[PDB]
Amino acid sequence: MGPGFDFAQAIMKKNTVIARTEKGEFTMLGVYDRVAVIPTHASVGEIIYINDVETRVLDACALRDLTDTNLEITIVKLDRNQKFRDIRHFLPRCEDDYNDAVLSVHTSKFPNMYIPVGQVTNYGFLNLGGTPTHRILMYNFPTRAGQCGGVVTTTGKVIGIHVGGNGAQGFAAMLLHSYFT
């Protein structure tokens, strides 16, 4: 509809796959080379399905901050014959608040879905499904099951991936440039 949706669509069309684990179907953001991210609660194993194709996982790292607190991001290196467009230059360097964000989802359940979630707060600490979690972003949108792994963007930045909600608010894990140096 406008330049928020334009940037969101450009990321979705080139930098997303559908990932399936034993815990469900997720939007999966490709960041560079064969490296992608998914919420830690997906429980990535040795094998993952990528666009319904059996794929070996070459490496998987569940990120935690230096206080040993969950960040809810798993970095996955996929045994794929093709690289992602390098989008590391769209990642923020620091924790921040944002205006005018879009949440974009692509799954068998929600194809080509784009949600204008609006203002995004640096929320920080969240007890997510019982698990103390840091670097959470919050938006005042009633996000539903099937949105996990959804990409959060502003015009020109890729700022996080959707990891849950409480029926009134949605929560994303921050993406930072330093995760992918």
# chains A, B, ... in the order shown; residues from 1 in each chain; ligands from 1

call {"tool": "closest_atom_pairs", "arguments": {"of": "stretch 21-83 of chain A", "to": "stretch 135-145 of chain A", "cutoff": "12 Å", "atoms": "only C-alpha atoms", "output": "Markdown table"}}
result
| residue | atom | partner | partner_atom | distance |
| --- | --- | --- | --- | --- |
| A:24 | CA | A:145 | CA | 10.5 |
| A:25 | CA | A:145 | CA | 10.5 |
| A:26 | CA | A:145 | CA | 10.3 |
| A:63 | CA | A:135 | CA | 11.4 |
| A:64 | CA | A:135 | CA | 10.2 |
| A:65 | CA | A:135 | CA | 9.0 |
| A:69 | CA | A:135 | CA | 9.9 |
| A:70 | CA | A:135 | CA | 9.3 |
| A:71 | CA | A:135 | CA | 6.6 |
| A:72 | CA | A:136 | CA | 9.1 |
| A:73 | CA | A:135 | CA | 10.4 |

call {"tool": "write_last_selection", "arguments": {"atoms": "N, CA, C and O atoms", "output": "CSV table (one decimal), in the first residue's frame"}}
result
chain,number,residue,atom,x,y,z
A,24,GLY,N,6.3,-27.5,14.5
A,24,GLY,CA,5.4,-26.7,13.6
A,24,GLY,C,6.0,-26.1,12.4
A,24,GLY,O,7.2,-26.4,12.1
A,25,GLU,N,5.2,-25.3,11.7
A,25,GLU,CA,5.6,-24.5,10.5
A,25,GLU,C,5.9,-23.1,10.9
A,25,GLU,O,5.2,-22.5,11.7
A,26,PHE,N,7.1,-22.5,10.4
A,26,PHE,CA,7.5,-21.2,10.8
A,26,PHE,C,8.0,-20.4,9.6
A,26,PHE,O,8.6,-21.0,8.6
A,63,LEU,N,20.9,-18.6,20.8
A,63,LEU,CA,21.6,-17.4,21.3
A,63,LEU,C,21.1,-17.1,22.8
A,63,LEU,O,19.8,-17.3,23.0
A,64,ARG,N,22.0,-16.7,23.6
A,64,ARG,CA,21.8,-16.3,25.0
A,64,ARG,C,22.7,-15.1,25.3
A,64,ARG,O,23.7,-15.0,24.6
A,65,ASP,N,22.2,-14.1,26.1
A,65,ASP,CA,23.1,-13.0,26.4
A,65,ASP,C,24.2,-13.4,27.4
A,65,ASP,O,24.3,-14.6,27.7
A,69,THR,N,21.0,-15.5,29.7
A,69,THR,CA,19.5,-15.4,29.6
A,69,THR,C,19.1,-15.7,28.1
A,69,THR,O,19.7,-15.1,27.2
A,70,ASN,N,18.0,-16.4,27.9
A,70,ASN,CA,17.4,-16.8,26.6
A,70,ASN,C,17.2,-15.5,25.8
A,70,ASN,O,16.7,-14.5,26.3
A,71,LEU,N,17.6,-15.5,24.5
A,71,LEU,CA,17.3,-14.4,23.5
A,71,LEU,C,16.2,-14.9,22.5
A,71,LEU,O,15.7,-14.0,21.8
A,72,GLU,N,15.9,-16.2,22.5
A,72,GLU,CA,14.8,-16.8,21.7
A,72,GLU,C,15.1,-16.8,20.2
A,72,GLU,O,14.2,-17.1,19.4
A,73,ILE,N,16.4,-16.5,19.8
A,73,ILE,CA,16.9,-16.6,18.4
A,73,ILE,C,17.7,-17.8,18.2
A,73,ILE,O,18.7,-17.9,19.0

call {"tool": "atom_distance", "arguments": {"atom1": "atom CA of residue A:168", "atom2": "atom CA of residue A:130"}}
result
18.0 Å

call {"tool": "atom_distance", "arguments": {"atom1": "atom CA of residue A:119", "atom2": "atom CA of residue A:30"}}
result
24.7 Å

call {"tool": "atom_distance", "arguments": {"atom1": "atom CA of residue A:129", "atom2": "atom CA of residue A:157"}}
result
27.7 Å

call {"tool": "closest_residue", "arguments": {"among": "A:167, A:92, A:45, A:132", "to": "residue A:154", "atoms": "only C-alpha atoms"}}
result
A:92

call {"tool": "decode", "arguments": {"residues": "stretch 146-159 of chain A", "atoms": "N, CA, C and O atoms", "output": "PDB file, in the first residue's frame"}}
result
ATOM      1  N   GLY A 146       0.636 -19.099  14.579  1.00  0.00           N
ATOM      2  CA  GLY A 146       0.980 -19.122  13.145  1.00  0.00           C
ATOM      3  C   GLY A 146       1.785 -17.913  12.711  1.00  0.00           C
ATOM      4  O   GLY A 146       2.176 -17.851  11.527  1.00  0.00           O
ATOM      5  N   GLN A 147       2.097 -17.002  13.637  1.00  0.00           N
ATOM      6  CA  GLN A 147       2.825 -15.781  13.249  1.00  0.00           C
ATOM      7  C   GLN A 147       4.290 -15.883  13.668  1.00  0.00           C
ATOM      8  O   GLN A 147       5.056 -14.945  13.261  1.00  0.00           O
ATOM      9  N   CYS A 148       4.672 -16.962  14.366  1.00  0.00           N
ATOM     10  CA  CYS A 148       6.039 -17.098  14.931  1.00  0.00           C
ATOM     11  C   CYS A 148       7.056 -17.249  13.787  1.00  0.00           C
ATOM     12  O   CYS A 148       6.822 -17.998  12.833  1.00  0.00           O
ATOM     13  N   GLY A 149       8.125 -16.473  13.893  1.00  0.00           N
ATOM     14  CA  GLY A 149       9.159 -16.370  12.865  1.00  0.00           C
ATOM     15  C   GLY A 149       8.852 -15.221  11.901  1.00  0.00           C
ATOM     16  O   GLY A 149       9.762 -14.837  11.110  1.00  0.00           O
ATOM     17  N   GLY A 150       7.645 -14.632  11.976  1.00  0.00           N
ATOM     18  CA  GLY A 150       7.312 -13.481  11.131  1.00  0.00           C
ATOM     19  C   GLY A 150       8.329 -12.369  11.269  1.00  0.00           C
ATOM     20  O   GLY A 150       8.949 -12.177  12.340  1.00  0.00           O
ATOM     21  N   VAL A 151       8.639 -11.741  10.153  1.00  0.00           N
ATOM     22  CA  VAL A 151       9.710 -10.726  10.076  1.00  0.00           C
ATOM     23  C   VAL A 151       9.119  -9.373  10.445  1.00  0.00           C
ATOM     24  O   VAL A 151       8.064  -8.963   9.821  1.00  0.00           O
ATOM     25  N   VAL A 152       9.779  -8.663  11.354  1.00  0.00           N
ATOM     26  CA  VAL A 152       9.412  -7.276  11.714  1.00  0.00           C
ATOM     27  C   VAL A 152      10.383  -6.322  11.016  1.00  0.00           C
ATOM     28  O   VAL A 152      11.589  -6.447  11.237  1.00  0.00           O
ATOM     29  N   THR A 153       9.843  -5.376  10.242  1.00  0.00           N
ATOM     30  CA  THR A 153      10.629  -4.400   9.476  1.00  0.00           C
ATOM     31  C   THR A 153      10.096  -2.998   9.722  1.00  0.00           C
ATOM     32  O   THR A 153       8.896  -2.824  10.008  1.00  0.00           O
ATOM     33  N   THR A 154      10.975  -2.025   9.588  1.00  0.00           N
ATOM     34  CA  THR A 154      10.584  -0.628   9.332  1.00  0.00           C
ATOM     35  C   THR A 154      11.089  -0.316   7.923  1.00  0.00           C
ATOM     36  O   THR A 154      11.907  -1.119   7.400  1.00  0.00           O
ATOM     37  N   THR A 155      10.730   0.837   7.350  1.00  0.00           N
ATOM     38  CA  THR A 155      11.314   1.240   6.040  1.00  0.00           C
ATOM     39  C   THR A 155      12.847   1.226   6.227  1.00  0.00           C
ATOM     40  O   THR A 155      13.411   2.054   6.964  1.00  0.00           O
ATOM     41  N   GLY A 156      13.522   0.250   5.646  1.00  0.00           N
ATOM     42  CA  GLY A 156      14.976   0.219   5.551  1.00  0.00           C
ATOM     43  C   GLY A 156      15.634  -0.571   6.652  1.00  0.00           C
ATOM     44  O   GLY A 156      16.794  -0.640   6.578  1.00  0.00           O
ATOM     45  N   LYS A 157      14.905  -1.113   7.647  1.00  0.00           N
ATOM     46  CA  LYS A 157      15.560  -1.955   8.673  1.00  0.00           C
ATOM     47  C   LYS A 157      14.791  -3.261   8.888  1.00  0.00           C
ATOM     48  O   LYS A 157      13.555  -3.254   8.886  1.00  0.00           O
ATOM     49  N   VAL A 158      15.543  -4.325   9.095  1.00  0.00           N
ATOM     50  CA  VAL A 158      14.986  -5.630   9.536  1.00  0.00           C
ATOM     51  C   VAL A 158      15.301  -5.728  11.024  1.00  0.00           C
ATOM     52  O   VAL A 158      16.490  -5.915  11.338  1.00  0.00           O
ATOM     53  N   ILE A 159      14.287  -5.646  11.909  1.00  0.00           N
ATOM     54  CA  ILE A 159      14.548  -5.355  13.349  1.00  0.00           C
ATOM     55  C   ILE A 159      14.271  -6.543  14.271  1.00  0.00           C
ATOM     56  O   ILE A 159      14.765  -6.498  15.379  1.00  0.00           O
TER      57      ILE A 159
END
